[PDB]
Amino acid sequence: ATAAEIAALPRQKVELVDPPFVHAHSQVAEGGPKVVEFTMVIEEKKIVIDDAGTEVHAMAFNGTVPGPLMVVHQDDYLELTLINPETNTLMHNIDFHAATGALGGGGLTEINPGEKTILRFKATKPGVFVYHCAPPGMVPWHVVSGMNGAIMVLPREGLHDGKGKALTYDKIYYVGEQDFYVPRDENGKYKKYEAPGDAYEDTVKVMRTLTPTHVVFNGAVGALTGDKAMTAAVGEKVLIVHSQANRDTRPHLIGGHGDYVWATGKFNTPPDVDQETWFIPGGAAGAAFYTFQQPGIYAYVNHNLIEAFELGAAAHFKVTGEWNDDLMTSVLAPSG
Amino acid sequence: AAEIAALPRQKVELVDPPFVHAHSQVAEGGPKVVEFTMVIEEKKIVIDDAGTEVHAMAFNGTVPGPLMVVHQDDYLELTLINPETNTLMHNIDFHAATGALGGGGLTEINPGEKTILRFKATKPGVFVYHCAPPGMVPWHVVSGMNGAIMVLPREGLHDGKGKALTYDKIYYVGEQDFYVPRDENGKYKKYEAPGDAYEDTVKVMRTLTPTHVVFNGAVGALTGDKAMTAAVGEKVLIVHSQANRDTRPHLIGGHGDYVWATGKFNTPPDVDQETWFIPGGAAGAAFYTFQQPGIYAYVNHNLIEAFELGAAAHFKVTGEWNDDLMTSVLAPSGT
Amino acid sequence: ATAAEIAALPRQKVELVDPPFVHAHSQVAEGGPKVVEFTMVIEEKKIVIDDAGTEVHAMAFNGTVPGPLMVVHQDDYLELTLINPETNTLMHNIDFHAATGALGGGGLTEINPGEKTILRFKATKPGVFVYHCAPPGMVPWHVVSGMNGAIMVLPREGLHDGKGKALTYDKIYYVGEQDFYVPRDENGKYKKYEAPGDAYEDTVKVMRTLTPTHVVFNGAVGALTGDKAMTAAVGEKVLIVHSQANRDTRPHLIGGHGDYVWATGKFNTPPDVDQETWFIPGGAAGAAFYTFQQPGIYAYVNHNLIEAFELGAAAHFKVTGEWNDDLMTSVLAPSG
Ligand SMILES: [Cl-]
Ligand SMILES: [Cl-]
Ligand SMILES: [Cl-]
Ligand SMILES: [Cu+2]
Ligand SMILES: [Cu+2]
Ligand SMILES: [Cu+2]
Ligand SMILES: [Cu+2]
Ligand SMILES: [Cu+2]
Ligand SMILES: [Cu+2]
């Protein structure tokens, strides 16, 4: 690419949507390389994360935890306008694991309250990748305050199985998983603070135990359950992108599988197949492809079941369609 | 579904881990209905030499529950019994199964009930099963109410390149994280009912730090009378599961020649593994040919977990020492 | 196979170098199998592990933590002279994960202070592998006192990708990662002890929490930073061997990737590609191959970021060469 060629490329503005939903995109790329433009506004705000009204001073790309999923194709350029409003109190930046150089972009995007920056990078490697804020000297605090998200760099040809056959999903969800480290007082009750900075020393004491107090999808216990369950129909092909910026996880679809799982997140490494539970190390995204076969409620968990059912790491899928008694049947229903 | 009753049926006799019931690696015929029965026992098990107890919630009376073996596309039909002398509702989630929370949504049985579930084993590999009563899921799992099944390919095991892999022995290591409450003196507490230990146990669990990490339900379980045996030249498959917590198996003195670390037989295996990794909520399988005789240890390779918390087993291998592979050129002696 | 055949093979004595450097070696085997001779003296020694001057009685192969990387080729023999000086206080041995029998050699190498031993084993399996001391009854305590290292058994034809094309590195680093469990007093300050034995009971308590006090590269917090930073240039192909004898890790090059990663560390298992963060279980070594594309400072971390930036698991690369604006550019600098 010449200087002539790079400036000549199409620009395309893309509006983000909140997770677990993903902005519209084409799986197979349309036309040649382009510069895909995205804007995100940073919000520091108090969120409630559990049923006892536990508060976090969230630090949120686009106001959500996780940050939204950005979608591009291989050798496109991602050009992000990152804005830190005058209402915030901390400097922030962004590290895309999908980018090369300057600490993922962190070294170039350090913006105080009241400033903006525009970073462009070439998306040379196909896959799902974490991005997170990373101010020097304070990185784990920003990240565990929920300032992280993911992107997906689709291959220009869309996705393929290990023998090169097309894998085309009908829909795509993004589950961002968050470990929170909320300080308690002597009596075991979670503390509240006036400004984010007040909580700093207390939170580090918690971080250093390496034991989160909460492990949550979409920013809170139960954000993806009940009426906010994810949805599919028997016969639909669903891609579930899962990210964890700081800590290991082990996703599992209770009553399903991952028919094809890029556990490492990278689309040039052939997927694993038929998975019960896959493993995503902290600081990575992964993706699982699954065709639903049975209707009903499913759970989708971090299969450390303490983390899933005590600490908040559980979602639902609501699936419509016809039951298949060949796959499974109750021969004799509970009886005595 | 109508034609399942036309298929051959087979009642299996289960055996206690680490042994695996009789079966053929290559499928003997077209799809069958393979039938199993398991009675759930709520019981006290002693987990270390200090007499620490757990309120075990045990499939077939053992932690882990026994290993069921079927072939891809057979139906596994389980009769699961919750005796009237038990206190809790229980059920079964097979990770191998498709629909209704792996069967959990169809098998909730109160003390004094049975149920029979059937599922088509459509995917080849080793899979976790475990109890999953809504509202108290990890309590049941970390009380030892979990096991595994193996769904062999119809044509048996192969490597990545299509070469048949055929074992002489198979063992099943179920690894258990336990969360035993302690008193003010750091003494493990004892209780008289599963229910009475609940909240104390929940508090230990939320620390995410097991007080014990054991094979076959106890420190030293898989040693001495339950040491696993082989001879130089024999090909052994070591099925390993952990229903709730990561492990990193390692055979001390050997390797995993072929490891399906994810547990799934259509994923080509890793080769020449020193230490492999099985995530909480999965099973994996490691294939090795013994080359050297002696006692081997087999460990979770967080060695604090192996050697302080209980996660070590032994293999006992007969045969001829091979000096090409390894020899002591100078025995330990003065400088 | 036979004693005669073994005796007839050429001998080669090799001098070890201190990590993170690796002794001279050739990627493609020069000639046929030989018996490669190494000598390591065990030193029980005081080491400092942070800027606060926290002190550990290390049990160091060759006097370094990790012990040095030994490099052989597949079906060479490795013949280690192990020496335990009369001045030491404990029995030690060596378990090579690369070796077959008698617990990796631990069974044959138990040496009291004032004794030495010579173990020979045949290097049958290509990959990087942990070695560590393992005295029956005090195995973990030796290992998390720093008594561990790695070896690389290269294929005779050198490294290849999954599809049989040669991968030749320009340089190699060995990053040994250590978890330490350092006892604290009633007011949370780290303790000192007069002999290794004095630290025993207190350390065991910290160990059983499974929460390390420090997580470090090359023996100490910041050991691979400043003027000890690893270095490279744009265009340069770097292999990074990373080991962890006791505890998982999830290595990440900040601003970079793992182009080819043998996450399991074994060269007959095809590498993952395009990795953002890879995973190395406790008890293993792994290797990542990367071509630097951009100049500047990188950090190379365990991507549990609390472990990286609170507990010490972060190293730097200094990289010289020309900035590539096509790969990344700051379209708009922080402003407003
Ligand atoms: Cl489940
Ligand atoms: Cl070992
Ligand atoms: Cl990072
Ligand atoms: Cu920030
Ligand atoms: Cu990062
Ligand atoms: Cu139960
Ligand atoms: Cu499960
Ligand atoms: Cu030692
Ligand atoms: Cu070891």
# chains A, B, ... in the order shown; residues from 1 in each chain; ligands from 1
call {"tool": "calpha_fit_rmsd", "arguments": {"fixed": "chain A", "moving": "chain C"}}
result
0.4 Å
call {"tool": "closest_atom_pairs", "arguments": {"of": "range 208-307 of chain A", "to": "range 122-144 of chain B", "cutoff": "7 Å", "atoms": "only C-alpha atoms", "output": "tab-separated table"}}
result
residue	atom	partner	partner_atom	distance
A:274	CA	B:123	CA	6.3
A:305	CA	B:138	CA	5.2
A:306	CA	B:138	CA	5.6
call {"tool": "residues_near_ligand", "arguments": {"ligand": "ligand 3", "cutoff": "10 Å", "atoms": "only C-alpha atoms and all ligand atoms", "output": "ChimeraX atom specification"}}
result
/A:94-97,103-104,106,130-134,139-140,143,245-246,283-284 /C:251-256,276-277,298-305,308
call {"tool": "write_last_selection", "arguments": {"atoms": "N, CA, C and O atoms", "output": "CSV table (one decimal), in the first residue's frame"}}
result
chain,number,residue,atom,x,y,z
A,94,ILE,N,-6.5,3.5,25.2
A,94,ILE,CA,-7.0,2.2,24.7
A,94,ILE,C,-5.9,1.3,24.1
A,94,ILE,O,-5.1,1.7,23.3
A,95,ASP,N,-5.8,0.0,24.6
A,95,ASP,CA,-4.9,-1.0,24.0
A,95,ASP,C,-5.8,-2.0,23.2
A,95,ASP,O,-6.6,-2.7,23.8
A,96,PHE,N,-5.7,-2.1,21.9
A,96,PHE,CA,-6.3,-3.1,21.1
A,96,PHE,C,-5.4,-4.3,21.0
A,96,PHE,O,-4.3,-4.0,20.5
A,97,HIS,N,-5.7,-5.5,21.5
A,97,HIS,CA,-4.8,-6.6,21.2
A,97,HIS,C,-4.7,-7.0,19.8
A,97,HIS,O,-3.8,-7.9,19.4
A,103,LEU,N,2.0,-0.3,22.2
A,103,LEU,CA,1.3,-0.9,23.3
A,103,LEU,C,-0.2,-1.1,23.0
A,103,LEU,O,-1.1,-0.9,23.8
A,104,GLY,N,-0.4,-1.6,21.7
A,104,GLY,CA,-1.8,-1.7,21.2
A,104,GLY,C,-2.5,-0.5,20.8
A,104,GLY,O,-3.7,-0.5,20.4
A,106,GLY,N,-2.2,2.1,23.2
A,106,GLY,CA,-2.3,2.8,24.5
A,106,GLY,C,-1.3,4.0,24.6
A,106,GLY,O,-1.6,5.1,25.2
A,130,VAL,N,-9.4,-9.0,22.7
A,130,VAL,CA,-9.7,-8.0,23.8
A,130,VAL,C,-9.2,-6.6,23.4
A,130,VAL,O,-8.2,-6.5,22.7
A,131,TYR,N,-9.9,-5.6,23.8
A,131,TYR,CA,-9.3,-4.3,23.9
A,131,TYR,C,-9.6,-3.9,25.4
A,131,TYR,O,-10.6,-4.3,26.0
A,132,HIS,N,-8.7,-3.1,25.9
A,132,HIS,CA,-9.0,-2.5,27.3
A,132,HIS,C,-8.1,-1.2,27.4
A,132,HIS,O,-7.1,-1.0,26.7
A,133,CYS,N,-8.6,-0.4,28.4
A,133,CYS,CA,-7.8,0.8,28.8
A,133,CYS,C,-6.6,0.3,29.5
A,133,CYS,O,-6.6,-0.7,30.2
A,134,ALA,N,-5.5,1.1,29.4
A,134,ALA,CA,-4.2,0.7,30.1
A,134,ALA,C,-3.3,1.9,30.4
A,134,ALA,O,-2.2,2.1,29.9
A,139,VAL,N,-3.0,0.1,35.4
A,139,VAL,CA,-3.7,-0.7,34.3
A,139,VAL,C,-4.8,-1.6,35.0
A,139,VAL,O,-5.9,-1.5,34.6
A,140,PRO,N,-4.4,-2.5,35.9
A,140,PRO,CA,-5.4,-3.5,36.4
A,140,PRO,C,-6.6,-2.8,37.0
A,140,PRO,O,-7.7,-3.2,36.8
A,143,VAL,N,-8.9,-1.8,34.2
A,143,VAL,CA,-9.5,-3.0,33.5
A,143,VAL,C,-10.5,-3.7,34.4
A,143,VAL,O,-11.6,-4.0,33.9
A,245,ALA,N,-10.8,-9.9,29.9
A,245,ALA,CA,-9.5,-9.1,29.8
A,245,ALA,C,-8.5,-9.3,30.9
A,245,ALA,O,-7.3,-9.0,30.7
A,246,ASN,N,-8.9,-9.9,32.1
A,246,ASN,CA,-8.0,-10.0,33.2
A,246,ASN,C,-7.8,-11.4,33.8
A,246,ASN,O,-6.8,-11.6,34.5
A,283,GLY,N,-7.1,-12.0,29.3
A,283,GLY,CA,-6.4,-11.2,28.3
A,283,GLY,C,-6.6,-11.7,26.9
A,283,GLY,O,-5.8,-11.4,26.0
A,284,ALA,N,-7.7,-12.5,26.7
A,284,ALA,CA,-8.0,-13.1,25.4
A,284,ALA,C,-9.5,-13.1,25.1
A,284,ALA,O,-10.3,-13.1,26.1
C,251,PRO,N,1.0,-15.6,28.9
C,251,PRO,CA,1.9,-14.6,28.4
C,251,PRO,C,1.3,-13.8,27.3
C,251,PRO,O,0.5,-14.3,26.5
C,252,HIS,N,1.7,-12.5,27.2
C,252,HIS,CA,1.2,-11.6,26.3
C,252,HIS,C,2.3,-10.6,26.0
C,252,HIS,O,2.9,-10.1,26.9
C,253,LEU,N,2.5,-10.3,24.7
C,253,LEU,CA,3.4,-9.2,24.3
C,253,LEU,C,2.5,-8.0,23.9
C,253,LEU,O,1.8,-8.0,22.9
C,254,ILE,N,2.7,-7.0,24.8
C,254,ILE,CA,1.8,-5.7,24.7
C,254,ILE,C,2.3,-4.9,23.6
C,254,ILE,O,3.4,-4.4,23.6
C,255,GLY,N,1.5,-4.7,22.6
C,255,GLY,CA,1.8,-4.1,21.3
C,255,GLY,C,2.2,-5.1,20.3
C,255,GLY,O,2.4,-4.7,19.1
C,256,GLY,N,2.3,-6.4,20.7
C,256,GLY,CA,2.7,-7.4,19.7
C,256,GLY,C,1.8,-8.6,19.7
C,256,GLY,O,0.6,-8.5,20.2
C,276,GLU,N,-2.9,-13.5,20.6
C,276,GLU,CA,-2.9,-12.3,21.5
C,276,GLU,C,-2.3,-12.7,22.9
C,276,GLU,O,-1.5,-12.0,23.4
C,277,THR,N,-2.8,-13.8,23.4
C,277,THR,CA,-2.4,-14.2,24.8
C,277,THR,C,-2.5,-15.7,24.8
C,277,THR,O,-3.5,-16.2,24.4
C,298,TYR,N,8.0,-2.4,24.4
C,298,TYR,CA,6.9,-3.3,24.7
C,298,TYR,C,7.0,-3.8,26.1
C,298,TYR,O,8.1,-3.9,26.7
C,299,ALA,N,5.8,-4.2,26.7
C,299,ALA,CA,5.9,-5.0,27.9
C,299,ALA,C,5.5,-6.4,27.4
C,299,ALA,O,4.8,-6.6,26.4
C,300,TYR,N,5.9,-7.4,28.2
C,300,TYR,CA,5.7,-8.8,27.9
C,300,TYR,C,5.3,-9.2,29.3
C,300,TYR,O,6.1,-9.0,30.3
C,301,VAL,N,4.1,-9.7,29.4
C,301,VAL,CA,3.5,-9.9,30.8
C,301,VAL,C,2.7,-11.2,30.9
C,301,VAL,O,2.3,-11.8,29.9
C,302,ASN,N,2.5,-11.6,32.1
C,302,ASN,CA,1.5,-12.6,32.5
C,302,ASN,C,0.2,-11.7,32.4
C,302,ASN,O,0.0,-10.7,33.2
C,303,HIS,N,-0.8,-12.1,31.6
C,303,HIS,CA,-2.0,-11.2,31.4
C,303,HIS,C,-3.1,-11.5,32.4
C,303,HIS,O,-4.2,-11.2,32.1
C,304,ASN,N,-2.8,-12.0,33.6
C,304,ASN,CA,-3.6,-11.6,34.7
C,304,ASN,C,-2.9,-10.3,35.1
C,304,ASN,O,-1.8,-10.4,35.7
C,305,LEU,N,-3.6,-9.2,34.9
C,305,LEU,CA,-2.8,-7.9,35.0
C,305,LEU,C,-2.5,-7.5,36.5
C,305,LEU,O,-1.5,-6.8,36.7
C,308,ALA,N,0.7,-9.3,36.7
C,308,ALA,CA,1.7,-8.5,35.9
C,308,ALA,C,2.1,-7.2,36.7
C,308,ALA,O,3.3,-7.0,36.9
call {"tool": "closest_atom_pairs", "arguments": {"of": "chain C", "to": "ligand 8", "cutoff": "9 Å", "atoms": "only C-alpha atoms and all ligand atoms", "output": "Markdown table"}}
result
| residue | atom | partner | partner_atom_place_in_ligand_line | distance |
| --- | --- | --- | --- | --- |
| C:42 | CA | ligand 8 | 1 (Cu) | 7.9 |
| C:44 | CA | ligand 8 | 1 (Cu) | 8.8 |
| C:59 | CA | ligand 8 | 1 (Cu) | 6.2 |
| C:60 | CA | ligand 8 | 1 (Cu) | 8.1 |
| C:61 | CA | ligand 8 | 1 (Cu) | 8.6 |
| C:90 | CA | ligand 8 | 1 (Cu) | 7.1 |
| C:91 | CA | ligand 8 | 1 (Cu) | 6.4 |
| C:92 | CA | ligand 8 | 1 (Cu) | 3.8 |
| C:93 | CA | ligand 8 | 1 (Cu) | 6.0 |
| C:94 | CA | ligand 8 | 1 (Cu) | 7.7 |
| C:132 | CA | ligand 8 | 1 (Cu) | 7.9 |
| C:133 | CA | ligand 8 | 1 (Cu) | 4.6 |
| C:134 | CA | ligand 8 | 1 (Cu) | 6.3 |
| C:135 | CA | ligand 8 | 1 (Cu) | 6.4 |
| C:138 | CA | ligand 8 | 1 (Cu) | 8.5 |
| C:139 | CA | ligand 8 | 1 (Cu) | 7.9 |
| C:141 | CA | ligand 8 | 1 (Cu) | 8.4 |
| C:142 | CA | ligand 8 | 1 (Cu) | 4.8 |
| C:143 | CA | ligand 8 | 1 (Cu) | 7.2 |
| C:145 | CA | ligand 8 | 1 (Cu) | 8.4 |
| C:146 | CA | ligand 8 | 1 (Cu) | 8.8 |
| C:147 | CA | ligand 8 | 1 (Cu) | 5.9 |
| C:148 | CA | ligand 8 | 1 (Cu) | 8.7 |
call {"tool": "write_last_selection", "arguments": {"atoms": "N, CA, C and O atoms", "output": "mmCIF file, in the first residue's frame"}}
result
data_model
loop_
_atom_site.group_PDB
_atom_site.id
_atom_site.type_symbol
_atom_site.label_atom_id
_atom_site.label_comp_id
_atom_site.auth_asym_id
_atom_site.auth_seq_id
_atom_site.Cartn_x
_atom_site.Cartn_y
_atom_site.Cartn_z
ATOM 1 N N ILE C 42 24.326 -26.698 42.555
ATOM 2 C CA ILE C 42 23.177 -26.160 43.231
ATOM 3 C C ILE C 42 23.639 -25.175 44.302
ATOM 4 O O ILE C 42 24.535 -25.502 45.068
ATOM 5 N N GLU C 44 22.232 -22.891 47.489
ATOM 6 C CA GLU C 44 21.274 -22.291 48.407
ATOM 7 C C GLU C 44 21.789 -20.882 48.722
ATOM 8 O O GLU C 44 22.872 -20.732 49.314
ATOM 9 N N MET C 59 16.955 -21.648 46.074
ATOM 10 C CA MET C 59 17.624 -22.938 45.905
ATOM 11 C C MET C 59 17.776 -22.921 44.396
ATOM 12 O O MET C 59 16.848 -23.247 43.675
ATOM 13 N N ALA C 60 18.937 -22.465 43.939
ATOM 14 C CA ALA C 60 19.143 -22.098 42.543
ATOM 15 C C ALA C 60 20.160 -23.003 41.834
ATOM 16 O O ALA C 60 21.367 -23.025 42.171
ATOM 17 N N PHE C 61 19.679 -23.700 40.819
ATOM 18 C CA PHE C 61 20.519 -24.373 39.862
ATOM 19 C C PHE C 61 21.469 -23.362 39.200
ATOM 20 O O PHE C 61 20.997 -22.394 38.566
ATOM 21 N N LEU C 90 20.488 -28.922 52.411
ATOM 22 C CA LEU C 90 19.403 -29.875 52.056
ATOM 23 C C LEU C 90 19.807 -30.879 50.981
ATOM 24 O O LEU C 90 20.741 -30.592 50.199
ATOM 25 N N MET C 91 19.091 -32.015 50.918
ATOM 26 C CA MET C 91 19.182 -32.914 49.775
ATOM 27 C C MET C 91 18.397 -32.258 48.610
ATOM 28 O O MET C 91 17.390 -31.560 48.839
ATOM 29 N N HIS C 92 18.883 -32.487 47.379
ATOM 30 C CA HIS C 92 18.281 -32.022 46.125
ATOM 31 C C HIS C 92 18.434 -33.113 45.093
ATOM 32 O O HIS C 92 19.240 -34.054 45.288
ATOM 33 N N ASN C 93 17.695 -32.965 43.983
ATOM 34 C CA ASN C 93 17.754 -33.867 42.865
ATOM 35 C C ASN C 93 17.255 -33.110 41.622
ATOM 36 O O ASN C 93 17.061 -31.886 41.659
ATOM 37 N N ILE C 94 17.082 -33.823 40.525
ATOM 38 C CA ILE C 94 16.541 -33.212 39.338
ATOM 39 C C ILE C 94 15.596 -34.179 38.634
ATOM 40 O O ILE C 94 15.924 -35.363 38.403
ATOM 41 N N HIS C 132 13.000 -29.497 37.277
ATOM 42 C CA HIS C 132 12.926 -28.921 38.599
ATOM 43 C C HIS C 132 13.395 -29.959 39.609
ATOM 44 O O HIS C 132 13.359 -31.172 39.339
ATOM 45 N N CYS C 133 13.830 -29.487 40.768
ATOM 46 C CA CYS C 133 14.154 -30.398 41.887
ATOM 47 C C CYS C 133 12.831 -30.985 42.496
ATOM 48 O O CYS C 133 11.761 -30.387 42.374
ATOM 49 N N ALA C 134 12.889 -32.199 43.041
ATOM 50 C CA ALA C 134 11.704 -32.848 43.612
ATOM 51 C C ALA C 134 12.122 -33.843 44.754
ATOM 52 O O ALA C 134 12.173 -35.082 44.568
ATOM 53 N N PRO C 135 12.518 -33.302 45.916
ATOM 54 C CA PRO C 135 12.953 -34.313 46.953
ATOM 55 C C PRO C 135 11.726 -34.906 47.583
ATOM 56 O O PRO C 135 10.851 -34.132 48.042
ATOM 57 N N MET C 138 9.239 -32.854 50.180
ATOM 58 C CA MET C 138 9.339 -31.388 50.193
ATOM 59 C C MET C 138 9.407 -30.879 48.739
ATOM 60 O O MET C 138 10.184 -29.982 48.415
ATOM 61 N N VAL C 139 8.597 -31.477 47.861
ATOM 62 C CA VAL C 139 8.691 -31.202 46.421
ATOM 63 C C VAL C 139 8.282 -29.739 46.138
ATOM 64 O O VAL C 139 9.124 -28.944 45.656
ATOM 65 N N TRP C 141 8.028 -27.067 47.979
ATOM 66 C CA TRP C 141 8.872 -26.081 48.654
ATOM 67 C C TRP C 141 10.197 -25.774 47.903
ATOM 68 O O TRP C 141 10.589 -24.598 47.762
ATOM 69 N N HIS C 142 10.877 -26.811 47.425
ATOM 70 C CA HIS C 142 12.028 -26.616 46.515
ATOM 71 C C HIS C 142 11.696 -25.854 45.219
ATOM 72 O O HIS C 142 12.413 -24.917 44.803
ATOM 73 N N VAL C 143 10.599 -26.230 44.604
ATOM 74 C CA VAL C 143 10.244 -25.643 43.311
ATOM 75 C C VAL C 143 9.894 -24.162 43.475
ATOM 76 O O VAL C 143 10.353 -23.336 42.693
ATOM 77 N N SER C 145 10.823 -22.325 45.867
ATOM 78 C CA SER C 145 12.055 -21.624 46.287
ATOM 79 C C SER C 145 13.018 -21.363 45.089
ATOM 80 O O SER C 145 14.160 -20.889 45.243
ATOM 81 N N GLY C 146 12.524 -21.652 43.894
ATOM 82 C CA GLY C 146 13.177 -21.206 42.694
ATOM 83 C C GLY C 146 13.978 -22.310 42.039
ATOM 84 O O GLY C 146 14.720 -22.057 41.056
ATOM 85 N N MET C 147 13.824 -23.535 42.544
ATOM 86 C CA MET C 147 14.647 -24.634 42.022
ATOM 87 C C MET C 147 14.085 -25.282 40.769
ATOM 88 O O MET C 147 13.697 -26.464 40.783
ATOM 89 N N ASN C 148 14.106 -24.548 39.661
ATOM 90 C CA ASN C 148 13.525 -25.070 38.469
ATOM 91 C C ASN C 148 14.009 -24.298 37.249
ATOM 92 O O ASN C 148 14.513 -23.173 37.367
#
call {"tool": "interface_residues", "arguments": {"of": "chain A", "to": "chain C", "cutoff": "6 Å", "atoms": "only C-alpha atoms", "output": "PyMOL selection string"}}
result
chain A and resi 100-104+111+114-122+140+246-247+269+282-284
call {"tool": "write_last_selection", "arguments": {"atoms": "N, CA, C and O atoms", "output": "compact mmCIF listing (two decimals), in the first residue's frame"}}
result
# COMPACT_ATOMS: atom_id res chain seq x y z
N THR A 100 -0.85 -3.61 16.19
CA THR A 100 0.62 -3.76 16.33
C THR A 100 1.30 -2.42 16.53
O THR A 100 1.20 -1.50 15.66
N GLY A 101 2.01 -2.34 17.66
CA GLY A 101 2.83 -1.19 18.02
C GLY A 101 2.21 -0.34 19.13
O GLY A 101 1.02 -0.45 19.47
N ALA A 102 3.06 0.48 19.73
CA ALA A 102 2.65 1.49 20.72
C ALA A 102 1.67 0.94 21.78
O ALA A 102 0.70 1.62 22.18
N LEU A 103 1.97 -0.28 22.24
CA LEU A 103 1.27 -0.94 23.34
C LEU A 103 -0.19 -1.15 22.97
O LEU A 103 -1.08 -0.92 23.76
N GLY A 104 -0.42 -1.56 21.73
CA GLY A 104 -1.76 -1.73 21.21
C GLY A 104 -2.51 -0.46 20.83
O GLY A 104 -3.69 -0.54 20.39
N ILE A 111 -5.82 10.25 27.00
CA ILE A 111 -6.63 11.46 26.91
C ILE A 111 -7.18 11.88 28.29
O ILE A 111 -7.84 11.13 28.97
N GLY A 114 -12.15 16.02 29.02
CA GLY A 114 -12.16 17.11 28.02
C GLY A 114 -11.34 16.95 26.74
O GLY A 114 -11.26 17.90 25.94
N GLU A 115 -10.72 15.78 26.52
CA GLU A 115 -10.00 15.59 25.24
C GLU A 115 -10.50 14.46 24.41
O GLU A 115 -11.24 13.59 24.91
N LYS A 116 -10.09 14.45 23.15
CA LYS A 116 -10.41 13.35 22.23
C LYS A 116 -9.15 12.88 21.46
O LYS A 116 -8.13 13.59 21.40
N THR A 117 -9.19 11.67 20.90
CA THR A 117 -8.09 11.21 20.10
C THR A 117 -8.66 10.32 19.03
O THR A 117 -9.76 9.75 19.19
N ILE A 118 -7.89 10.18 17.95
CA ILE A 118 -8.27 9.32 16.82
C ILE A 118 -7.07 8.42 16.49
O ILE A 118 -5.98 8.91 16.14
N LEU A 119 -7.27 7.11 16.63
CA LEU A 119 -6.24 6.12 16.42
C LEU A 119 -6.63 5.32 15.19
O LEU A 119 -7.81 4.98 15.03
N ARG A 120 -5.70 5.06 14.26
CA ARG A 120 -6.03 4.12 13.17
C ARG A 120 -5.03 2.98 13.26
O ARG A 120 -3.85 3.24 13.53
N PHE A 121 -5.51 1.74 13.10
CA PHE A 121 -4.60 0.63 12.90
C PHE A 121 -5.03 -0.33 11.84
O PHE A 121 -6.21 -0.51 11.60
N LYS A 122 -4.08 -1.03 11.25
CA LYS A 122 -4.42 -2.06 10.30
C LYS A 122 -4.71 -3.36 11.04
O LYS A 122 -3.97 -3.74 11.93
N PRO A 140 -4.36 -2.53 35.93
CA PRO A 140 -5.39 -3.48 36.43
C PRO A 140 -6.61 -2.78 37.03
O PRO A 140 -7.73 -3.21 36.83
N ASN A 246 -8.91 -9.87 32.07
CA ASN A 246 -7.96 -9.96 33.20
C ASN A 246 -7.76 -11.36 33.78
O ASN A 246 -6.77 -11.61 34.47
N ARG A 247 -8.74 -12.27 33.56
CA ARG A 247 -8.77 -13.50 34.33
C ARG A 247 -9.32 -14.64 33.50
O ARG A 247 -10.17 -14.45 32.64
N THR A 269 -6.09 -20.41 13.30
CA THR A 269 -5.85 -21.66 14.05
C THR A 269 -7.18 -22.41 13.93
O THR A 269 -8.21 -21.90 14.39
N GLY A 282 -7.21 -15.33 30.75
CA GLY A 282 -7.35 -13.86 30.94
C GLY A 282 -6.49 -13.05 29.92
O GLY A 282 -5.31 -13.39 29.72
N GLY A 283 -7.07 -12.01 29.31
CA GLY A 283 -6.38 -11.21 28.30
C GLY A 283 -6.62 -11.75 26.89
O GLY A 283 -5.85 -11.44 25.97
N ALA A 284 -7.70 -12.53 26.71
CA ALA A 284 -8.03 -13.06 25.38
C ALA A 284 -9.52 -13.11 25.13
O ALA A 284 -10.31 -13.12 26.11
call {"tool": "atom_distance", "arguments": {"atom1": "CA of residue 289 in chain C", "atom2": "CA of residue 149 in chain A"}}
result
26.4 Å
call {"tool": "residues_around", "arguments": {"residues": "range 80-83 of chain B", "least_positions_apart": "3", "cutoff": "6 Å", "atoms": "only C-alpha atoms", "output": "count of residues only"}}
result
10
call {"tool": "select_by_dssp", "arguments": {"residues": "range 174-248 of chain A", "states": "helix (DSSP H, G or I)", "output": "list in words"}}
result
residues 196, 197, 198, 199, 200, 201, 202, 203, 204, 205, 206, 207, 208, 226, 227 and 228 of chain A
call {"tool": "write_last_selection", "arguments": {"atoms": "C-alpha atoms", "output": "CSV table (one decimal), in the first residue's frame"}}
result
chain,number,residue,atom,x,y,z
A,196,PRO,CA,-13.5,6.5,42.0
A,197,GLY,CA,-10.1,7.5,43.4
A,198,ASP,CA,-11.3,7.0,47.0
A,199,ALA,CA,-11.7,3.3,46.4
A,200,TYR,CA,-8.2,2.8,45.0
A,201,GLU,CA,-6.2,1.5,48.0
A,202,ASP,CA,-9.0,-0.7,49.2
A,203,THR,CA,-9.5,-2.3,45.7
A,204,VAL,CA,-5.9,-3.1,45.3
A,205,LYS,CA,-5.9,-4.9,48.7
A,206,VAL,CA,-8.7,-7.0,47.1
A,207,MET,CA,-7.1,-7.4,43.7
A,208,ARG,CA,-4.0,-8.8,45.4
A,226,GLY,CA,-34.8,-13.9,32.6
A,227,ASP,CA,-36.3,-11.3,30.4
A,228,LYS,CA,-32.8,-10.5,29.2
